[PDB]
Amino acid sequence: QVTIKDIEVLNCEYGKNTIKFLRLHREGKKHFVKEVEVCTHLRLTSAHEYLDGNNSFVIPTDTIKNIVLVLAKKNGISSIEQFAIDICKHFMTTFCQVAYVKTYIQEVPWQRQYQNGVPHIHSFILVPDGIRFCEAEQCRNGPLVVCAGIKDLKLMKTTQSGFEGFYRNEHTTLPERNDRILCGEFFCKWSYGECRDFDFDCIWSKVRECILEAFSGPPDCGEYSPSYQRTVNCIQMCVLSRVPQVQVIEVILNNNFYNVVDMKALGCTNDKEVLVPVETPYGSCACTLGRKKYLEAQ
């Protein structure tokens, strides 16, 4: 005889997803664009809309959309991180029924066109070299926490990669390799915690450079990777060493193996000339590192 008495609400969450818009800014003839996709989710201090059919405290998801568009118009978007902070602060300062707010934003990667070294006043091209995103979240009476990241970042090096000295058992057929293609799709996300004493765009760029440089090694010789997992650690340690603002960094590496096609039966000798990617199944590894000092201090 199952009633509300027997049942606990563990979690209730709602929001508006994929709010797409472009913020246009004009300085005379020169146009500036920031196109974004925004998700904003709320947890309310009550669940009457679920438990009783009573919508009294529910802010319509339509109103969440309107608030995002109004703030874009009124505040502009200097950085997606500042815009995410503004949205979270709006919900927390305005609505007592909001226990928690989270805003996710990703940039549409528009770049200004150039003709013969001259930047175009109002013409752009889509150049996805890794999607910039950020995330702000706040519990009522808790810290406002900001994360930034880069996803759908596909990096490949054609050498200075192996995987040797791994655990062997009766189901292990993988050969030892000291030369292979290292191809990874990266999801990288880092927390600034509460710190905001810096330029969000400059620090995002600095973290991106650390990820590319740690992945590749120096351009004249590169650097040997003994595993996907070690490359993830090199990226994380490089970011933490060079960017003090990063408190916690998560890196997910989804890899594609490139197989040297055996062409003996086709009367041919394939000396790492023709390689076929395996898209599925695929390996993943994931690590989150945090500074001892930041975790201790809570």
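When you see a residue number, it is the position in the sequence shown, counting from 1.
- In this entry, 171 to 179 has the higher mean Cα B-factor, the comparison being between 203 to 211 and 171 to 179.
- Stretches 181 to 189 and 114 to 122 differ in mean CA B factor, with 114 to 122 having the higher one.
- The entry assigns its greatest Cα B factor, within the set 67, 268, 39, 232, to 268.
- Comparing the listed residues 263, 59, 246, 253, the entry records the largest Cα B-factor for 263.
- Sort the chain's modelled residues by C-alpha temperature factor and residue 86 lands in the lowest third, per the entry.
- When the modelled residues of the chain are ordered by C-alpha B-factor, residue 78 sits in the highest third.
- Among the modelled residues of its chain, residue 9 has a C-alpha B-factor that falls in the highest third, as given in the PDB entry.
- Annotation for residue 132: CA B-factor lies in the lowest third of the chain's modelled residues.
- Sorting the modelled residues of the chain by their CA temperature factor places residue 226 in the middle third.
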